[PDB]
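*Asks:* So I've got this experimental structure, pasted below with the sequence.
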Amino acid sequence: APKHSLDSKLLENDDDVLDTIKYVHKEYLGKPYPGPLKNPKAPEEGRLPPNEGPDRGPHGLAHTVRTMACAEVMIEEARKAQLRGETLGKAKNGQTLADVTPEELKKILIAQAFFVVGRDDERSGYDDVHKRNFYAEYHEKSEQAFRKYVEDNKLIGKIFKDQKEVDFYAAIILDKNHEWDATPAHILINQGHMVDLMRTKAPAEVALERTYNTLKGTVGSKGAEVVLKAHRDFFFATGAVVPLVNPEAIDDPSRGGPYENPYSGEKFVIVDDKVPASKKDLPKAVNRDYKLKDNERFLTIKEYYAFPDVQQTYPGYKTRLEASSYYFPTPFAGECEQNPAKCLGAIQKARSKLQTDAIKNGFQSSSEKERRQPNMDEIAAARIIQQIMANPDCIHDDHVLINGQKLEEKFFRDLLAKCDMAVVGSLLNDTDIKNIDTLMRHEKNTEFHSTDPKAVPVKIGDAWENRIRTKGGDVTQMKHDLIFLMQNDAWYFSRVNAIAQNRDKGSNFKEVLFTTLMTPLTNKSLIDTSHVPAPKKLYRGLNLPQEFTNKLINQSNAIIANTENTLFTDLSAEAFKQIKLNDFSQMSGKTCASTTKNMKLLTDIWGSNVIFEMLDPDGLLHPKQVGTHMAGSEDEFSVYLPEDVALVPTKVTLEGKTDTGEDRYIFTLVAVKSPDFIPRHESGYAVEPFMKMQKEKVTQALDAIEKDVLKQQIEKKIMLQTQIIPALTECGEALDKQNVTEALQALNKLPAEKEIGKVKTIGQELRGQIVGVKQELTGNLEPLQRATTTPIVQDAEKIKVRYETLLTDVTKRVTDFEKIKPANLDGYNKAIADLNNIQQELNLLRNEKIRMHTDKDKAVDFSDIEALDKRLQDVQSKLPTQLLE
């Protein structure tokens, strides 16, 4: 856990930065280029004409906004990289970019807003014609403007501490010697400006490589990729032109282009076409004006990137980048220059889009949005639930008996834990809704306990009938009353939410029965009731001890610090590994969660110390207003999370203190849907009891049959011993085999009702029983045959590549663990923790390998994972011996 937040978003919230941008845009930037003075000491002499177009194209408001956003992103990534643990570079003060406080960040942004407002034309460097240096004069103008601004608004005492701070920032802005690495502010301004100006220098590929090499030592390799990707997105959002990056001349030119350091002018000369084989083989670089003679040749970009050492060291050797004119976001940059708000909003939009797209590309793409067809076991569970609804007399105080078969608390509990509740509830109907009230009538006297140990036990049936049960309401009104019962959290909701997630401890049989019965029906009511315009933000309250809160914060920080939107290479494999191992979205629950739009109600009424904020850009969540709005308040919503939708954190903010003095944290979660999150299913766990009931019914039919003029009797015996008895035996085997097709075949083999009616010697009781068996098996098995195949994760390529990358990574980590030789208690504890997390990673590998298995008739292999586990156990045995020695 770092001492500062992983997120810095000053531009979105801060007021002083926006005010400064508005002031500078209204005064200096939003005006045509005036042209430099012919004589600084004599204004009357006039001005030289501007060297380029009078419009502020290159150095307009767009440049300032992009540079400030890039500086903020640089601090973002520096903090992330410090959190991951890899060492960062140091400025000459010994400070690291992660160590700058937010106050210094605000000062840096304010002093960066004035970095370009002094210019008058596009001339650069020393001039031969007049022996002048326009750069120094322009930045002197900028320094004077900064001093005037800080004096005018009495800013000293408000942000800046004293005069020396203002003088330090003025010396930063003046840039007399290009002291590029004096202190973090120097770097954060200068290299940001260089990154932004990268787009104009040519050739583009060498400039990009040089900028990567500059950023690598300061922020890190992954940071040097992320910052460039973010700046490319800002370029496309604001509307600048970007030269084409083509480091291997795939477009088939005659040559890739001469190699040339754009800032310095270096060129590598070969003597007699002797192509080298490594960067070290290159002779020293000649200057820009060196001439070629005889049979000498300039080093070409293609040949330069054909070298192996450059290929290994610099990741961008193989990549190719999209040209701007191909997407043509042109030329609405001139339109963005008109107002700061447009460009600032676009910058914020791009910044959020990058973070969301990183995770979404890390996981598998959404194949379809339509919901799955039900699994055979879920259809069976829905039928079981409806059959229980049929009558409550069959319910006993410690077990459930139905159709001659008993059920334990274990069956209901693992049915809740394993199967979907949404589809099962959707399979039910309104007759079950009325049977709800019938059950409430039957179960009037049973007790119920809340999660508070001091709560008085209540009889749920009496409470329902008196308070919840509306006088003579229609079925929709009972659905709204069920939602209304969900509203009363204190006495009933806590027990349900604890039972449905195995958080329950000590509840008896009737409570778990009621939970597994009510959850699908309540969700059914929620889908059936109404449709409401869904808000795009939801706040959910929770109360947690600090011990759990610290682990939650650490998990969120790790997830945030590992997700990165790299440009050159793909780190999607690492994001997938880190999310699955550390995600906490299983705590968000699989029940009706009560949320609200208004943070004020949570902070005032409840005063909870943990708050979740859910974002739904895709509309994956489907929140519903709480039934009868006539009594239900506006700010009360219910949300049901499907299994293939998981929540991941992107922000962790310390907002304030509760009335008890406890720190209150506000998370932010982005909802992502992917087939990867569908849990593995132990299919057939609930089909077995259903098949047992069907077999019992068929056996009772056989019982009546063996309990049961001569021509009619002989024809009765013919029809029995030919059609039914063999068919009953066949369907008995089929149910024993749990084969629907064979049961259906025995069904077709069974005679028709009218054929039985022809045989008068068959008693009407047996005829009715046999026809009832036939119809019941038909209507129960035909839906049971539907959708017997679970939807398949068909993206084999992505899963295979991810598995290979993860396998390489875990093998490397196992080798690193093998290298370890401890010497004290602390090393032993660290090794134990590392072994534990590596074993968790191996479990992740096991799950991924199981998902990779597509054939039904082959066993899943764990030879590699078990080999690494054996190596780890050998190291675990060796470690105490080395420690003892």
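*Replies:* Cool, got the structure. Residues are numbered from 1 along each chain as shown.

*Asks:* quick one, strands of the chain?
*Replies:* 269-270, 297-298, 400-402, 405-407, 537-542, 593-595, 610-615, 624-625, 637-639, 645-657, 663-673 (DSSP state E).

*Asks:* CSV please, covering those and showing mean neighbour count.
*Replies:* Just so you know, the C-beta spots here come from the backbone N, C-alpha and C atoms, and that holds for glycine as well. Output for the strands of the chain, formatted as CSV (neighbours: other C-beta atoms under 10 Å):
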stretch, mean neighbour count
strand 269-270, 18
strand 297-298, 16
strand 400-402, 15
strand 405-407, 14
strand 537-542, 18
strand 593-595, 19
strand 610-615, 20
strand 624-625, 20
strand 637-639, 22
strand 645-657, 18
strand 663-673, 20
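
*Asks:* Columns distance to residue 115 on top of those strands, output as TSV?
*Replies:* Shown next, in TSV, are the strands of the chain (distance: least, C-beta to C-beta, whole Å):
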stretch	distance to residue 115
strand 269-270	38
strand 297-298	36
strand 400-402	75
strand 405-407	74
strand 537-542	36
strand 593-595	45
strand 610-615	34
strand 624-625	51
strand 637-639	47
strand 645-657	29
strand 663-673	32
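
*Asks:* Out of the ones you listed, the one nearest residue 833 is which?
*Replies:* strand 645-657 (22.7 Å; C-beta to C-beta).

*Asks:* which helices and strands does the closest one pack with?
*Replies:* Counting contacts by 3 or more C-beta pairs under 8 Å, 6 or more residues apart in numbering; DSSP states H and E, strand 645-657 is packed against helix 340-362, helix 546-562, strand 663-673.

*Asks:* So which of the ones you listed is nearest residue 434?
*Replies:* Across these, residue 434 has its closest neighbour in strand 663-673 (35.1 Å, C-beta to C-beta).

*Asks:* which of the helices and strands packed on strand 645-657 is buried the deepest?
*Replies:* strand 663-673 (a mean of 20; mean count of other C-beta atoms under 10 Å).

*Asks:* now that one: how far from the chain's centre is it?
*Replies:* With C-alpha atoms, centre = their mean, to the nearest Å as the basis, strand 663-673 stands 10 Å off its chain's centre.

*Asks:* Compute the inter-axis angle for that strand and helix 340-362.
*Replies:* Strand 663-673 and helix 340-362 are oriented at 70 degrees to each other (axes from the mean of the first three to the mean of the last three C-alpha atoms, to 10 degrees).

*Asks:* Parallel or antiparallel, which strands does strand 663-673 pair with?
*Replies:* Looking at strand 663-673 with DSSP bridges, its partner strands are strand 610-615 (parallel), strand 645-657 (antiparallel).

*Asks:* could I get the last one in CSV with only the CA atoms?
*Replies:* These are the backbone C-alpha positions of strand 645-657, laid out as CSV (Å, rounded to 0.1, in the frame of the first residue of the first chain):
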residue,chain,number,x,y,z
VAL,A,645,-20.4,-10.1,-15.3
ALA,A,646,-17.7,-9.2,-12.8
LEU,A,647,-16.7,-6.0,-11.2
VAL,A,648,-13.1,-4.7,-11.2
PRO,A,649,-11.6,-1.7,-9.4
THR,A,650,-10.1,1.3,-11.0
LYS,A,651,-10.0,4.0,-8.3
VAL,A,652,-9.4,4.0,-4.6
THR,A,653,-10.1,7.4,-2.9
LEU,A,654,-9.9,8.4,0.7
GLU,A,655,-12.8,10.8,0.9
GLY,A,656,-13.4,11.6,4.6
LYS,A,657,-13.9,10.5,8.1
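
*Asks:* now it and helix 546-562, what's the angle there?
*Replies:* Angle, strand 645-657 to helix 546-562, by the same axes, to 10 degrees: 120 degrees.

*Asks:* Tell me how far strand 645-657 lies from the chain's centre.
*Replies:* Relative to its parent chain, strand 645-657 has a centroid offset of 12 Å by C-alpha atoms, centre = their mean.

*Asks:* repeat for stretch 777-788
*Replies:* With C-alpha atoms, centre = their mean as the basis, stretch 777-788 stands 38 Å off its chain's centre.

*Asks:* Let's see it as CSV, backbone CA atoms only.
*Replies:* Written as CSV, here are the backbone C-alpha positions of stretch 777-788 (Å, rounded to 0.1, in the frame of the first residue of the first chain):
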residue,chain,number,x,y,z
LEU,A,777,-43.1,-38.0,-18.0
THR,A,778,-43.8,-36.4,-21.3
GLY,A,779,-44.2,-32.9,-19.9
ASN,A,780,-41.2,-33.2,-17.5
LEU,A,781,-38.7,-34.9,-19.9
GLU,A,782,-39.4,-32.8,-23.1
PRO,A,783,-38.3,-29.5,-21.5
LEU,A,784,-35.5,-31.5,-19.8
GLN,A,785,-34.2,-32.5,-23.3
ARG,A,786,-33.9,-28.8,-24.3
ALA,A,787,-30.5,-27.1,-24.3
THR,A,788,-28.6,-30.0,-22.8
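
*Asks:* For residue 861, see how far away the closest residue to residue 799 other than its chain neighbours is.
*Replies:* Computed as C-beta to C-beta, 6 or more residues apart in numbering, the closest residue to residue 799 that is not its neighbour in sequence is residue 852, at 5.7 Å. Taking C-beta to C-beta, to the nearest Å as the measure, residue 852 and residue 861 are separated by 10 Å.

*Asks:* Residue 719 too?
*Replies:* 54 Å.

*Asks:* where's the residue lying closest to residue 324 once chain neighbours are set aside relative to residue 338, distance?
*Replies:* Excluding the flanking residues, the one nearest residue 324 by C-beta to C-beta, 6+ apart is residue 242, at 3.9 Å. Remark: distance between residue 242 and residue 338 (C-beta to C-beta) = 22 Å.

*Asks:* When these two are compared, which one has more neighbours?
*Replies:* A side-by-side neighbour count of residue 242 and residue 338, using other C-beta atoms under 10 Å, places residue 242 first with 20 against 12.

*Asks:* is it true that that one touches residue 328?
*Replies:* No: Residue 242 lies out of contact with residue 328 (C-beta atoms under 8 Å); the separation is 11.0 Å.

*Asks:* contacting residues for residue 522?
*Replies:* If you count contacts by C-beta atoms under 8 Å, 6 or more residues apart in numbering, residue 522 has them with 425, 482-483, 486, 592.

*Asks:* Could you save the helices and strands packed on strand 645-657 as JSON lines and add columns showing distance to residue 473?
*Replies:* Below are the helices and strands packed on strand 645-657 laid out as JSON lines (distance: least, C-beta to C-beta, whole Å):
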{"stretch": "helix 340-362", "distance to residue 473": "44"}
{"stretch": "helix 546-562", "distance to residue 473": "42"}
{"stretch": "strand 663-673", "distance to residue 473": "35"}
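
*Asks:* To residue 429, which of these lies closest?
*Replies:* Among these, the nearest to residue 429 by C-beta to C-beta is strand 663-673 (28.1 Å).

*Asks:* No further queries at this time; thank you.
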